[PDB]
Structures are given as C-alpha cells and as structure tokens.
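Notes for the structure review
Read off the chains here:
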Amino acid sequence: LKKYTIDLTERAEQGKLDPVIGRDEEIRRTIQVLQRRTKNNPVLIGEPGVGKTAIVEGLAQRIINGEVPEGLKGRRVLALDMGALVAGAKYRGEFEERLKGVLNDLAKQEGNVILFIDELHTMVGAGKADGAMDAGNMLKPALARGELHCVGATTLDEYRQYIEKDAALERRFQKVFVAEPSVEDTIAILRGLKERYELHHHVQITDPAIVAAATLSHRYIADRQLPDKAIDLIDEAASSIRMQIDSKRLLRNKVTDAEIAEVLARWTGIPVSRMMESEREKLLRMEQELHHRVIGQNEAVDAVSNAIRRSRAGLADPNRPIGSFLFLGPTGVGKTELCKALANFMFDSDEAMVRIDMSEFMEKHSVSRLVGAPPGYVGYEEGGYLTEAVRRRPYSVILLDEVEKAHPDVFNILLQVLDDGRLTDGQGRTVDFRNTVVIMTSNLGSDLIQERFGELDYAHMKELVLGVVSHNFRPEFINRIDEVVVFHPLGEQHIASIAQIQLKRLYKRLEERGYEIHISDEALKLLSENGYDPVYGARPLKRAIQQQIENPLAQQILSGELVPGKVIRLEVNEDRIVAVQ
Amino acid sequence: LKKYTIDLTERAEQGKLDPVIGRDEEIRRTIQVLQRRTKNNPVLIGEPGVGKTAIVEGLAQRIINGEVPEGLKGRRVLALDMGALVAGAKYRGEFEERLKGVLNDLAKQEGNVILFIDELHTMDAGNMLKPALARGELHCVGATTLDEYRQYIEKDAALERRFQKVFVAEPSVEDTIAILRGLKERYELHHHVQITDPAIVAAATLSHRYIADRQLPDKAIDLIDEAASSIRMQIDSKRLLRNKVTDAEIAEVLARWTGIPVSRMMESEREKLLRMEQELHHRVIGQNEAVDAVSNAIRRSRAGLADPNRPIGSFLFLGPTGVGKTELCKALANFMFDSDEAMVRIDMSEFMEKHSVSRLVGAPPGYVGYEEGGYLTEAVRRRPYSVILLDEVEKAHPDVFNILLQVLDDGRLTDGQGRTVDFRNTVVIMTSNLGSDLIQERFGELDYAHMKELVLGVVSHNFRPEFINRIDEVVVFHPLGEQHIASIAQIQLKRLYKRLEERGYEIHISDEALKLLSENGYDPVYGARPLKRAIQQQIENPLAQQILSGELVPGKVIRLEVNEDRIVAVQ
Ligand SMILES: Nc1ncnc2c1ncn2[C@@H]1O[C@H](COP(=O)(O)OP(=O)(O)OP(O)(O)=S)[C@@H](O)[C@H]1O
Ligand SMILES: Nc1ncnc2c1ncn2[C@@H]1O[C@H](COP(=O)(O)OP(=O)(O)O)[C@@H](O)[C@H]1O
Ligand SMILES: Nc1ncnc2c1ncn2[C@@H]1O[C@H](COP(=O)(O)OP(=O)(O)O)[C@@H](O)[C@H]1O
Ligand SMILES: Nc1ncnc2c1ncn2[C@@H]1O[C@H](COP(=O)(O)OP(=O)(O)O)[C@@H](O)[C@H]1O
C-alpha cells in the first residue's frame, strides 16, 4: 500500500499540494458520491487539463483543513497508480498480488481511506494477460459493495471507449462531470495560485498578466483546456524572465501581458503582442497597406479592411467569421491578390491563404471532398478539403475561387460557414470558421461589371445587376455574405503601378551579383499592349515577364557573344534586341 | 562517502571537460524548460552532442571568473550518479534499498542544494522513480531518441505532466572543429600532435554527400581519434613519416570498408578536370549530351549559390523513351552515388481512371490511398535522391493539360504535410513522342539545328500553343541504326558471356553474326525493349538446347554456319 499509493492527504499537511480555488460544486458532488452507501465511487470526468486531479487535491486539502462533513473527516486520500502496479509484473499473478495486497491493506483501513485512481482507463485492461481482465475485475466486488471509495479521474472519451465498454464496471462509478471553467472563472484560480509561482520563480506576476493569461489562452489556444494553458503561459513567462535576471527598473522581473502574448506568439504564431510596435501606424493605415500590393480597387479594400477592423475592435459577431466576401468581377484585377494581402496583413503570412478552386466541385458527388466522407465510406478518416485545412490553420483567408463554377449544392455546404462560422466534418467534428475570412471570387456578373465601370461611378454596379441574370433566385446565400464586392477593371493608370513589384521582393538580395536596375520609361507600353487588357485582365502580365524579358538569355547561350553580367534594356523599334558588353 | 557525492570543483583541477560549441539557442531552451515548476523536466531528443554536458560546464564559467557579484550567483546544482546502482547489489529487494536511499537522504538541508538526474529512459524511467517524480522531489534532465520517446515516454499520461520533447536540429561541420581547438592542451604539450585544417573537415563532410543514413558528430569524433592514433603504434610494427597532415590519415580509416580512395571525396575547384573521365566514359565512350549539366550549369549551384526557388540546374533534356533515359538516370547516379538506386519512371500513357489527381504533386483530401498515391509522393519520403522523368503527357482530353505550369515557378513550394521536397539537385529528362517517330529510319542527314525551328514551327500552334512556348531546347537521342545497337547488343551479350563462362563456355560472335539479329531486333514503338527477347529467341533458347544436349562440350569454342530457313548456330 505504501509501496504504490501516493498519499495525497499527508502531501497536503506539508503544504506540497497546489491551493485549489473554486471547484466547490464538483468537490461537494464528489463528497456526495463518496458518502453513498453502495458504489461510493466518483469519477471526475472531464477533458485533459480541466482540474480533475486538482479536485482531489482540493478534497485532500479539505479533509486536513476540515471543510468536509463528518463521515469524510479524518480520511486519507491515497493516490493509487496503475502504472506502478503493472510496473514489474512479468510472471503469473504478480499483478494480482499487488491489487490483492493493496485491496487487503484498504480493508485493514476499515473505510478510513479514500482511493484516488487517477486515469481509471489505465485500470480497464491492466493485468489482462491470459484471459478476462485483472484490474477492473478484481476491484469489481469491492467497488459495488461500497468498500474502497474509489475517486476516479478520467476524461470523457477515455471513459467512453474503456470504461463504458465494460458495462459491469461502468455502473460502479458515478460521473462527476468536471466542466472546464470559463475565462473569468480561471482568473480567481490563477489569482491565488500566482503566489505559489512567485515563491518558486522569485518573479512578480501582475494580475494584468493573469487577466490576459486567460483571455489569450482561450481565444488563441483551442486544443488545450483552460486552467492548463493559462498556468502554462505564466510558468513559461516566468521562466523566460528568469533568464533575463541571471545572465546577459529596466532589468525587470515583472510579468505583464507583453511577456504573456510573447510566449503565446512563440507557441501559435499570432502577433497581437503589443501596440508599442508600428501597430498604431498600422491600424488606421490598414486600408492603404493593402494598397501597397493591391493597386486601385478602393471598393475592395474598403470592404475588407473595414470588416477586419470591425473585429479587432471587438465589435463583430463571435458566431460568424471575420469577413464573408463575394468578389464577383473580372479576372486578374486584384481578387486573388487582395487575399494574399489580407493574409499578409492579419496573420502576416500570405502562405496562410487557403485557396480552394470550386471548379473541382462541379458535380454533386464531389461535395464530400470539402466536408469529408461519412462513417464507413472512402476518405472518411482522411477528412475534408475545407474542414481539415481549417483545422490546420484556423486563422486563414479562405479563397473559394470561381464559385459560380461549383455545383449549386456546394453553396448549401457554404451556408453554415457564412451564417455561423461552423462546418461539421464527416467524422462529426465541427471546425470553427470564426477566425477565418471567407472570400469567394466569382465571374457571374463580369460581362456587365466590365462594360459599366466608367459609366456608373461607384455604387450602381451593386444595384440592378441582381435580379435579371445574377444571383437573387437562390436568396439564402446573398444575405449571408458580409459585403458583396464588385471590381472595377484596370485602366492604364493601374497597370503602370501594378507592373512595378515584379522583382521588388527579390530586389533586396541580388545587388552584388551585378544587377541593379532603375526604371526605364520607354518599354512601358510594350507590356501595356498584351498585359493591359479590357477583356482578359492583367493576368497576362505575369506571362509578360516569362515571354517578354526572360527569353533571349537562357537559350541564347551557345552563339558566343552574349554572356551575363550586363543589364538588358528594351526600346520601341523593330530590333530583335542586341546586348553590348 | 563514495557513491552519492560528486564534487564539481574538481572539473578545473583535472581538466575533465569536453566543451560544447554550437548549441546555445538549443541549450538555453533546456534551461527555460528546467526553470519552471509545471513540466520542468527537459528530455533531450535527437542526434548527439548535449547529453547533460552543456548545462553543467556552461554553469561554472559565469560564477568563478567574476563579472557578476555574489548577491546574484548561487545557482550551484549537481549532476548524475548512475554507476553503482546495479553493481555490487546482490538480493531481490536489497537492490531496491539503495535506490530509495539515494533520493530520500539528499533532503538533509531543506532544499539548500538541488540535483539533476540524467539519461532516464530505461526502466529507471517510471517504475521506481515515478513516486519520486510525482511527489515533487527534484527535477531531472532526460535524454531519449525520438522513436524511443514514443516507445516509453509519451503514450504514458502521468509523465508528460513533467517531461516535454526538446528537439535539437542537425548540427554543423564545426562541431569537431572546436573539439580540436581546445584539446591541444592535452596533445601538443606532451605529444606534439598536429591535425591540420583539411584533416578536421575530412572526417566530417561525410553527411550531405557521402552517406546520409547516419548522424554527423558520432562519425566525426571517432574518425579523428583513430586517424590521430597513427604515430605511437605504427612505430611499433616490427622521409620517415608525413608530419604535414593531409587527407591521408582519415582515408586509411574511412575507406577500409568501401575501396574508393581520396581522389573523388573532396571534389573541389581544380578537381573538375579529374571528375570528367572516371566512370561515365569507361563503361561507354559516349553519352556526352548530358555532360552539359555538370559543366556550364554547375557554377551557380555547388559554390554556395543554389537558390532553390527558381530553376538554375534544371537543364531540359528530351528524346524518346526506353532508348537511353533510364540508363543515364542510373549512370549519372552511378557517377555520383557509387552504386545503383535511382529507379524513377513516369508516363501518362494507358490509364484512364480518376487516380491522375494524386500523381501530380500529391493528393488533396477526398481520395483513396495516400501511402503510395503517386510515385513522386513517396520518392522524397523514401530518400531525397531521385531523378524525375516525364513521359507521354500529350494524349488525354484537354481539361488535364495546364497543371504542369504550377510547380516550375516561384508561387508555392508544394509539399504535402509540412516537410520539404527536392528543388536543387534534380535533372528532369522528359520525352517528346510527337512526329520524331518516322525520323528514326535513316541516320543520313539528321538535323541538330534544322530540326526544332522549321519542323516544329507549323505543327505546334494549331491545337495547343501553351506547351512549347516555354520549352524550346530539342535535341534527339541516337537514331536506331545498325552499329550503335551492335554496341548495345554486345552489352546484353557480355552479361550473357559472364553468365556462360561460369560453366566453361566462351562464345564469340562476329560483326556479321550479331547483325543477323537486327532484322528481328528493335521497335520504333517500344525503343529497345524487344532487343532482349530477340537474344532469347534467336540464340539463347537455341543455346540452352545445345548446352543440355551435350553436343556443345565445355572447352571447345564453336563457330556458326549459314543454313536453312530457321537461323540457329549449329555445327
Ligand atoms: N480549480 C483549480 N484551482 C487551482 N489550481 C487548479 C485548478 N484547476 C486546475 N489547477 C491546476 O492546473 C493544472 C491542471 O492540471 P490537472 O489538475 O491535472 O487537470 P487534469 O484534468 O488532471 O489534466 P490531465 O490531462 O488529466 S493530467 C494543475 O497544475 C492544477 O494544479
Ligand atoms: N489590383 C491589383 N493589384 C496588384 N496586382 C495585380 C492586380 N491585378 C492584377 N495584378 C497582378 O496580376 C497577376 C495576376 O496573376 P494570376 O493570379 O494568374 O491572375 P488571377 O488573380 O486572375 O488568377 C498577379 O501576379 C498580380 O501581380
Ligand atoms: N556540438 C558539440 N559540441 C561538443 N561536442 C560534441 C558536439 N556534438 C557532438 N559532440 C561530441 O560527440 C559525442 C556524442 O556522444 P554522446 O553524447 O555519448 O551521444 P548521445 O548524446 O547520443 O548519448 C560526445 O562525446 C561529444 O563530445
Ligand atoms: N545506351 C543504351 N542504348 C540503347 N539501349 C539501351 C541503352 N541502355 C539501356 N538500353 C536498353 O533499355 C532497355 C530497357 O528499356 P525499357 O524497359 O523500354 O524502359 P524502362 O527500363 O525505362 O522501363 C534495356 O533492355 C536495354 O537494352
């Protein structure tokens, strides 16, 4: 008994237990089960990192401090470990002499000992070496007779496929559900626990670093549960500052939310850290920073930058994505380019744009590729194309390209992402679109968008295109769109400004090779004859570097006069261009 | 007073320190993890180098020298005792009284001194130290591998509340450089051992080029100590010695299981006259169309100039299929890898299913079979060495055409689950099976610079102008004549010679006798596939008819005759 079971009650007299704050409805319900006549076995069902191990450490602190009823007064909470019972059990019945050694020491205790079996699912099938099970089949009489007082603490899905499968052991435990506390319920958890970390780290932790250790944990960390990550963050931040005082008021020890969001940015990647950066320079110039790489399209950025300012002010709907856009209009105008800009603004990486081409979803059978296959079908455990991608990046700009080429029954899949920000996978797991920006480019009115842009100034392309030919006949999808955005086609004013960032990002490395080129002003309209298109758009400009500028170097090698090291020009003549050394 | 007392004042008295060089942003991480109280147990995971030696020697350097005052220093911790645990203890249970006595009586001063434990994976990894770890006794520094971590330390649940994966990334060549910078404190003052600059790097460059299945620094510290053991024992083997340290000391140590000397292990600036005439041009005198990729398109790749996100070493090479592609993708791998492992062939010829979505560059969800998928899905996860082919893409209906544009540009690097794919060391040979099928007849007046501009100018841009608008360099493989295959039909017969001299028959064949085969030999449709069965049906199946009949006795060389309507070589 003293070889295996850790005694939590004498670990509470030394003050070695964490102070437990709250939990008084789940501790009282635990004592209500622990005082039952038969089957006095609570199982603290929760999720990993909810506090179900620090409920019995708030029961064992309670027995010593005496807030328990008489009947649980003066008990002992022993923490049996089923990993130390299957530890060296090689031979036949070395495990069964460990339980029947522990179970017979618990009967000498005449009911003065509470047994905390943490992770009961490790008891289901613990011996089980030759036949029927040996741990939750040896406890099974003394669990039903109300004899050993077994506080279990498993999680809900570990209860579901370990303990619920043994239906004769499932009834010997009573589910004391430990729901995770809310964001305000874990501040008081962490306000009293902060001094137990101040005495260990020799580090002062402010309640600003605690009110933001939980609002940033809950919002940004979605796989963990709340009083496990909020105390991870303060322990990581107090260890990050504990370097700054050891090795090399301005050499601080205080944790503030500057250090808490810095650890969380180092965990997840979301840079909302401090507004003492150029973010004050960035929050009102949010519409013109997109204009750095989205040339023109003032109706486009004033729809997307005003919607992502609407949520950074905490004013947008938290049961809806950050933005739901329909980018109908011409091709090669700034549709796909703004979403790269919007990803390079919000999550500052244009690799965080989940592009989905809806020409792959032409027919109705190809809708379970986005959402996932049902149980029992091909591609079930794989997932969906949209749902699993949003589980990869929950903070991403979803591009749904040419949605008018989708099936009509894929807008039905796209009614719940727009309205509620949810999409359930084929495996019954719901993915959360509340942090994504769902932008949907289309070409459904583009014939009438292009002809009327220099006629109807800035608002009449929105009205009166809807109803004769365009989307109103299927009306449930239009009103779920946040802003329907029409795109004015590009004149010569924009493609001269759009054809300047072709090699601007590669510009900052390749100087010493022998290349630095300033703007030449004579070959401007050579690219503005194939690239500046009223019909097909500005996308043939990207081929107008692959067809116009890059050809007579990489194949004209063998003739023996043109060798690299000299910067090329282009002039308006019938030249078949030369290059002088 | 023997077992559980280790004094760390001795480490400067004896010089028992092997200094760590290179790891500081991956060791101060294991001081961030260790300084916590939730999950304050760093387990060091990966390739070697740290192993509880970086935090203990990088601890006395900041206290005894004296830049910081004494009001801040005092973080004096200790290290592992592991040696006398199992040894010297006899009974069952009286071995256990030594392990319970080593943890409980270090608590004589109420936590005045703290202690780390090192290398905890064996089970002492959670059978006798598990209450000693759950009681909040003291915190330890683990060290596992990655796969032995997921054997023991993570499919548990009570142990990752204290441990966490600390991964170290694969180290430099400068790991053993500074191992021999400090260690001349022990080498030259008493033995006068020099090891020069090209002799430290020589036993360490063996990873990215030579062999890539094994870690670097385990193969670096051992192959220097064996090369440095040269003097005192080769003088006791019953102008005198090169005291100028060269590549020779490691080569005796390294090449005692390969057989390849120094001559191609340090391919350098002047060595590229020597790496032209080694193995490519002794099996076959020829195959010099593909030598351009190692001559003019090699200057901006192997001098620290390989930019992966635009094709610079991608020299385009065309031809037919089954005609010399698969041998050169092996013979260039034979010119590089000293062996045969390049097995790549991609064709889009005779399969009509909906499985052509996964052969592109991977499968997005909604499919079957991700484990194989396409061939290139698996050809980087196997090993990063493969030479990618592209054949017969020109036939299917035009909805499938333009997906070849996405990979060759700088848009997105296109991996599949988060680890990298190959962009730097691959030559792509593709296959053009347009109207170069009637041209295989004669070898008289074949075009090298009349072929691709006037024949291709009027036939390409009627149906599809988006295919040869990018790709322009067209030069043909060998035309299938007589004597150029008479070399190739000698290669497949000389492996029939070695198949036959094992039983005592040396067969000759004439220039007249193997062009007897050429009427039943090659195919313009399949390439040189029906060459091998033509050896079986014409000579080899009649040969085994005569070896078994006993009328071809071993020892006597036989000649042929021209005879009646079935052509066999009889007496
Ligand atoms: N109500 C609470 N009051 C004080 N500390 C708490 C409270 N809830 C949780 N904690 C602490 O936060 C952490 C939560 O971990 P646990 O209590 O083990 O929860 P858990 O459900 O057992 O997680 P696992 O995955 O089962 S180990 C521990 O360090 C607890 O001390
Ligand atoms: N409004 C715009 N702002 C900035 N760049 C633009 C704009 N419109 C077009 N471009 C340029 O045109 C190119 C269009 O390429 P592509 O993505 O193939 O077209 P599309 O976006 O229609 O698919 C982009 O690389 C981009 O640089
Ligand atoms: N970065 C480095 N700095 C110093 N020594 C190193 C470094 N990398 C490797 N070594 C040497 O390599 C050897 C690795 O052996 P070891 O630490 O026993 O392997 P493992 O860590 O797998 O147990 C050590 O003796 C060490 O001296
Ligand atoms: N240098 C060469 N010239 C002509 N034919 C060759 C050469 N090297 C190999 N071959 C032939 O290629 C054949 C294999 O080709 P094949 O099976 O059609 O293509 P793959 O091997 O790519 O499937 C071998 O039988 C061999 O005779």
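Residues numbered from 1 in each chain as written, not as in the entry; some residues may be left out. Chains lettered and ligands numbered in written order. Heavy atoms only, no water.

As recorded in the PDB header, cryo-EM is the method behind this entry, and the stated resolution is 3.3 Å.

1. Details of the overall build of chain A
A tally of helices and strands in chain A yields 25 helices and 13 strands. The C-alpha atoms of chain A give 33 Å as radius of gyration, which overshoots the globular expectation for 581 residues (25 Å, by more than 25%). Along the longest, intermediate and shortest principal axes, the C-alpha atoms of chain A span 105 × 60 × 55 Å. Considering chain A as a whole, with its 581 residues, one finds that 45% of them fall into the buried category. For chain A, the exposed area adds up to about 30,600 Å²; of that, 49% sits on carbon and sulfur atoms. Of the charged side chains in chain A, 77 are positive and 89 negative, and the gap between their average positions amounts to 6 Å. (Helix = DSSP H or I, 4+ residues; strand = E, 2+ residues; numbered from the N terminus. Rg over C-alpha atoms; globule rule 2.2 N^0.38 Å. Buried < 20%, exposed > 50% of the residue type's maximum accessible area, 1.4 Å probe, protein only. Areas by Shrake-Rupley, 256 points an atom, 1.4 Å probe, with all protein chains shown as cover. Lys, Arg positive; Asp, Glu negative; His and termini not counted. Charge placed at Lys NZ, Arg CZ, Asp CG, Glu CD.)

2. A closer look at the site of ligand 2
Residue and element names in this part refer to chain A. For ligand 2, the set of nearby residues contains 14 residues, the closest of which are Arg-293, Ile-295, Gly-332, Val-333 and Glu-337. In the environment of ligand 2, a nitrogen atom lies 2.9 Å from a nitrogen or oxygen atom belonging to the backbone of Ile-295. The contact in question runs from a nitrogen atom of ligand 2 to an N or O atom on the backbone of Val-333, over 2.4 Å. If ligand 2 stood free it would expose 570 Å²; the protein chains cover 82% of that surface. The residue inventory of the shell around ligand 2, partitioned by class, reads six nonpolar, four polar and four charged. Residues lining the shell around ligand 2 come from more than one domain, with at least three contributed by each of domain 3 (281-484) and domain 4 (495-581). (Near = heavy atom within 4 Å. Polar contact = N/O pair within 3.5 Å; in protein donor to acceptor, adjacent residues only side chain to side chain. Nonpolar A, V, L, I, M, F, W, Y, C, P; charged D, E, K, R; others polar. Domains from an automatic or database assignment.)

3. Description of the interface of chain B and chain A
Of the residues lining the interface, 30 residues belong to chain B; the matching set on chain A comes to 36 residues. Summed over both sides, the interface of chain B with chain A buries roughly 3,300 Å², with 40% coming from carbon and sulfur. Three residues, B:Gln35, B:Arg36 and B:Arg37, lead the burial of chain B against chain A; their summed loss comes to 22% of the area buried on that side. The partner of A:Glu236 in a salt bridge is B:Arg36, with the nearest N and O atoms 2.4 Å apart. On the surface where chain B and chain A come into contact, there are 22 residue pairs in polar contact. Tallied by class, the residues present in the side of chain B that touches chain A amount to eight nonpolar, eight polar and 14 charged. (Contact = heavy atoms within 4.5 Å. Buried area = accessible area lost by both parts, 1.4 Å probe. Salt bridge = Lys/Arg side-chain N within 4 Å of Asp/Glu carboxyl O.)

4. Notes on the site of ligand 3
Residue and element names in this part refer to chain B. In the neighbourhood of ligand 3, the contacting residues comprise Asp-18, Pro-19, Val-20, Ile-21, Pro-48, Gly-49, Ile-179, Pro-217 and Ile-221. Between an oxygen atom of ligand 3 and a side-chain N or O atom of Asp-18, the distance comes to 2.3 Å. The contact in question runs from a nitrogen atom of ligand 3 to an N or O atom on the backbone of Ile-21, over 3.1 Å. Broken down by class, the residue content of the shell around ligand 3 amounts to seven nonpolar, one polar and one charged. Each of domain 1 (1-169) and domain 2 (179-264) accounts for three or more of the residues forming the shell around ligand 3.

5. Focus: the sheet that holds strand 3 (residues 163-167) of chain B
Paired through backbone hydrogen bonds, the strands of a sheet run either parallel or antiparallel to each other. All names here are of chain B. Within the open sheet, the three strands sit side by side as 2-1-3. Their pairing is parallel. In this open sheet, the two strands that pair with only one neighbour each are strand 2 (142-144) and strand 3. Neighbour-to-neighbour, the strand axes of the sheet open up by a mean angle of 30 degrees, direction not taken into account. (Pairing = 2+ DSSP bridges. Axes fitted to C-alpha atoms, helices over the stretch in contact; angles between N-to-C directions.)

6. So, the domain arrangement of chain A
Residue and element names in this part refer to chain A. As assigned here, chain A comprises domain 1 (6-175), domain 2 (185-267), domain 3 (281-484) and domain 4 (495-581). Relative placement of domain 3 and domain 4: their C-alpha centres are 34 Å apart. Counting from both sides, the interface comprises five residues of domain 3 and, opposite them, nine residues of domain 4. Seen at the junction of domain 3 and domain 4, the total is zero salt bridges. Our count for the domain 3 to domain 4 interface comes out at two residue pairs in polar contact. When grouped by side-chain class, the residues that make up the side of domain 3 that touches domain 4 number one nonpolar, three polar and one charged.

7. Focus on the pairing of strand 12 (residues 437-442) of chain A
Residue and element names in this part refer to chain A. Of all six residues making up strand 12, six are buried, and the element is well covered by its neighbours. With burial as the criterion, each face of strand 12 is covered, one bearing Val-437, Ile-439 and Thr-441 and the other bearing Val-438, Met-440 and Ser-442. In this sheet, strand 12 lies alongside strand 7 (residues 323-328) in parallel orientation, the contact comprising six bridges. By the bridge assignment for strand 12, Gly-323 is matched with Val-437. Looking at chain direction, strand 9 (residues 397-401) and strand 12 are connected through four bridges and run parallel. The residue bridging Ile-398 from the neighbouring strand is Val-438, located in strand 12.

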